[PDB]
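A.B. asks: Chains as they are written, first to last, in the entry's author numbering: chain I, 3 to 149; chain G, 746 to 843; chain H, 19 to 163; chain B, 19 to 163.
Below you'll find the structure I mean.
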Amino acid sequence: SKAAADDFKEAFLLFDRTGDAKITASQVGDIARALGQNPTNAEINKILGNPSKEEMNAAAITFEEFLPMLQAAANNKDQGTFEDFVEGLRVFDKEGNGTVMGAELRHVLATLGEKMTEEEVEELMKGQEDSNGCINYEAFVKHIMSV
Amino acid sequence: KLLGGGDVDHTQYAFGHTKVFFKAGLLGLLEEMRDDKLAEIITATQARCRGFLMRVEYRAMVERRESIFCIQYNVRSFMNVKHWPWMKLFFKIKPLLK
Amino acid sequence: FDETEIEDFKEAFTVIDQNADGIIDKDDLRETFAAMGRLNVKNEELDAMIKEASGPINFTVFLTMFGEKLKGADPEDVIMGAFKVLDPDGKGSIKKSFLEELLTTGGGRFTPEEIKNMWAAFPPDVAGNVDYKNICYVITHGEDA
Amino acid sequence: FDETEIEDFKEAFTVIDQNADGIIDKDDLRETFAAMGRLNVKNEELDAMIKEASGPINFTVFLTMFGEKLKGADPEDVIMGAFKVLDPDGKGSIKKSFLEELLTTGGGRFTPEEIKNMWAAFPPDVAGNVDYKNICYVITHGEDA
């Protein structure tokens with residue numbers, strides 16, 4: 003709305019590697035996340051196809067399409083409730099203390115639903131899981147929601 | 746352990762000493778509804794993750810920013826230098842020093 | 019330029035300047051090469067070294083000439099710093115294909131053709147990205163050790 | 019301030035005061051930095067060092083300025099004294115979680131956030147509380163050794 007945030011246009015100049023002021027359709031998922039929006043990858047996929055837009059063939063972009071797609075994704079930020087994120091992992095391990103065994107969270111984050119690479123899974127556990135093999139998800143989900 | 750994953754009704758089944766028990770066709774119906782309900786629950790929980798996942802990649806990419814350059818330029822030098830009289834000289838000589 | 023690296027270039031300047039007056043002339047170049055075993059050092063090699071400077075080779079002209087050729091020169095401790103960040107678990111030399119992918123996909127300086135030249139005198143282990151450390155040695159001091 | 023530490027500051031005062039008159043002016047600061055390799059030392063850095071004093075930098079003004087910044091400075095032998103009392107059986111570097119718990123639970127100066135900053139340049143072993151001794155070195159003389 004501007005509140006006209008012109009820093010979204012300045013961040014589009016940091017993600018366009020050619021400097022022509024266009025951003026390919028394959029970068030739009032990760033740049034919506036870097037502007038403070040977390041649409042799921044199936045949602046980013048649907049919307050695209052919904053609009054008869056094929057992410058399979060070469061794509062370019064213009065700021066005039068990327069701005070309204072970020073504004074259509076911005077209504078879905080009401081789905082980011084931290085009660086359900088901590089209660090999900092609280093149902094994932096027994097006893098009254100928030101600890102996932104290391105390999106349980108790593109294999110679930112790579113193979114269940116939207117596949118996260120094991121390189122990204124190791125980069126998200128690095129520091130929050132110590133050598134006991136127990137990830138405290140009270141501080142883990144706190145630090146994941148700090149970015 | 747397997748059934749751990751899936752946007753499936755964790756109700757509809759039941760385990761025991763030699764096998765699992767599973768519904769169809771009602772309990773079968775239940776689960777299905779359930780299944781959809783996790784895509785929601787799930788699909789949404791996936792996203793953030795996905796999102797978040799890359800959000801850490803940027804923090805790394807960025808850190809890396811210079812350490813590369815350092816590495817980048819640094820090598821190039823050598824490729825140029827290693828063939829230079831003066832530099833070979835310094836090289837044989839670099840040891841006699843203290 | 020760290021100060022111990024500048025003191026190493028001051029010691030190399032004093033070993034090539036055998037007249038000890040502060041300016042390396044062509045006679046100093048020839049007598050330093052003859053004391054290293056070069057009895058056949060041509061005058062055209064000495065003239066090509068002097069043709070890289072605009073004036074006499076005093077200590078600051080030798081430092082500016084080496085600065086302009088070594089604009090990406092990195093000491094061994096900072097090269098091992100970056101290779102310890104590439105192998106953050108310690109000890110292991112990193113894979114050949116991991117260094118080829120990460121050089122290319124991050125930067126244009128890590129493009130392939132250049133990666134074939136990296137493997138080409140920096141041998142296998144070095145080239146491959148498995149060993150480590152010998153490449154830091156030869157980037158700070160050239161030729162086979 | 020022990021007397022050998024004051025003699026070390028007298029020797030550092032004489033190496034920065036290259037006019038040997040007893041007062042370090044801005045020309046002494048710039049010529050000591052140029053003799054260490056700083057050819058690009060800006061005048062604003064020299065002015066910010068002189069802006070920390072109310073008068074000329076003689077030996078007692080340099081000692082009072084260093085006293086007021088080092089009000090918890092501890093020599094390496096007293097830091098190793100305290101770490102030998104934390105590891106009273108000798109030799110072993112103490113555990114990471116033991117130093118985090120004992121810093122917090124005894125004092126407010128040992129609060130966590132500060133413990134994350136301790137681990138952050140004082141590397142793992144140091145941070146963790148396992149090694150020992152390298153941290154005493156860098157607390158009496160900074161930067162990586």
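Ideal Cβ placement from N, Cα and C applies to all residues, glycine included.
(1) Output the distance between the C-alpha atoms of residue 42 of chain H and residue 80 of chain H, rounded to the nearest integer angstrom.
(2) Using a Cβ-Cβ distance cut-off of 8 angstroms, determine whether residue 100 of chain H contacts chain G.
(3) For the alpha helix (DSSP H) containing residue 766 of chain G, list its first residue and its last residue.
(4) Is the region 80-99 of chain I in contact with the region 751-770 of chain G, if contact means three or more CB pairs nearer than 8 angstroms?
(5) So which residues on chain G does residue 63 of chain H lean against when the C-beta distance must stay under 7 angstroms?
(6) Going by DSSP, which residues form a beta bridge with residue 33 of chain I?
(7) DSSP state of residue 77 of chain I, grouped into three classes?
(8) Starting from the C-beta of residue 158 of chain B, find all residues in its chain whose C-beta is less than 7 angstroms away, skip the five residues before and the five after it, and write them out in chain order.
(9) Just to make sure I have the definition right: I need the residues of chain H whose C-beta is within less than 7 angstroms of the C-beta of residue 146 of chain B. Which are they?
(10) Determine, using beta carbons only, whether residue 118 of chain H comes closer than 8 angstroms to chain B.
(11) Restricting to Cα atoms, I'd like to know which of B:34, B:28, B:125 is closest to residue 47 of chain B.
(12) State the CB to CB distance for the pair residue 10 of chain I and residue 72 of chain I, rounded to an integer number of angstroms; the pair is presumed to be in contact (CB under 8 angstroms).
(13) Any residues in the region 782-793 of chain G with a beta carbon nearer than 7 angstroms to a beta carbon of chain I? Which ones, in chain order?
(14) So, does the CB of residue 87 of chain I fall closer than 8 angstroms to a CB anywhere in chain G?
(15) Please report the straight-line C-alpha distance between residue 65 of chain H and residue 96 of chain H, rounded to a whole angstrom.
(16) Would you list the one or two residues that DSSP bridges to residue 761 of chain G?
(17) List the whole-angstrom C-beta distance separating residue 116 of chain I from residue 42 of chain I, where the pair is believed to meet the contact cut-off of C-beta under 8 angstroms.
(18) Do you know how far the Cα of residue 68 of chain B is from the Cα of residue 44 of chain B?
(19) Work out the CA separation of residue 31 of chain B and residue 59 of chain B for me, nearest whole Å.
(20) Taking only beta-carbon positions, decide if residue 34 of chain H is within less than 8 angstroms of chain G.
(21) With 8 angstroms as the threshold, decide whether the Cβ of residue 160 of chain B is near any Cβ in chain H.
(22) Just list the residues that DSSP pairs residue 128 of chain I with in beta bridges.
(23) Which residue marks the beginning of the alpha helix (DSSP H) containing residue 102 of chain I, and which one marks its end?
(24) Kindly list, in the order they appear in chain B, the residues whose Cβ is closer than 8 angstroms to that of residue 31 of chain H.
C.D. replies: Per the coordinate set shown:
(1) 9 angstroms
(2) yes
(3) No alpha helix (DSSP H) contains residue 766 of chain G, which is instead part of the beta strand (DSSP E) from 764-767.
(4) No contact exists between the region 80-99 of chain I and the region 751-770 of chain G.
(5) Simply 830.
(6) Looking at the DSSP assignment, residue 33 of chain I forms no beta bridge with any residue, so it has no partner.
(7) helix
(8) 93, 94
(9) Residues of chain H passing the Cβ test: none, with the nearest at roughly 14 angstroms.
(10) Not closer than 8 angstroms to any Cβ of chain B, the Cβ of residue 118 of chain H fails to qualify, so no.
(11) B:34
(12) 7 angstroms
(13) Result list: 787, 788, 789, 790, 791, 792, 793.
(14) Yes, residue 87 of chain I counts as interfacial toward chain G.
(15) 35 angstroms
(16) G:764
(17) 6 angstroms
(18) 8 angstroms
(19) Approximately 19 angstroms, taken between the alpha carbons.
(20) Answer yes: the Cβ-Cβ gap between residue 34 of chain H and chain G drops below 8 angstroms somewhere.
(21) no
(22) I:131
(23) Looking at the DSSP string, residue 102 of chain I is not in any alpha helix (DSSP H); the run it does join, the beta strand (DSSP E), is 101-103.
(24) Within 8 angstroms Cβ-Cβ: nothing; residue 31 of chain H doesn't reach chain B, min ~15 angstroms.
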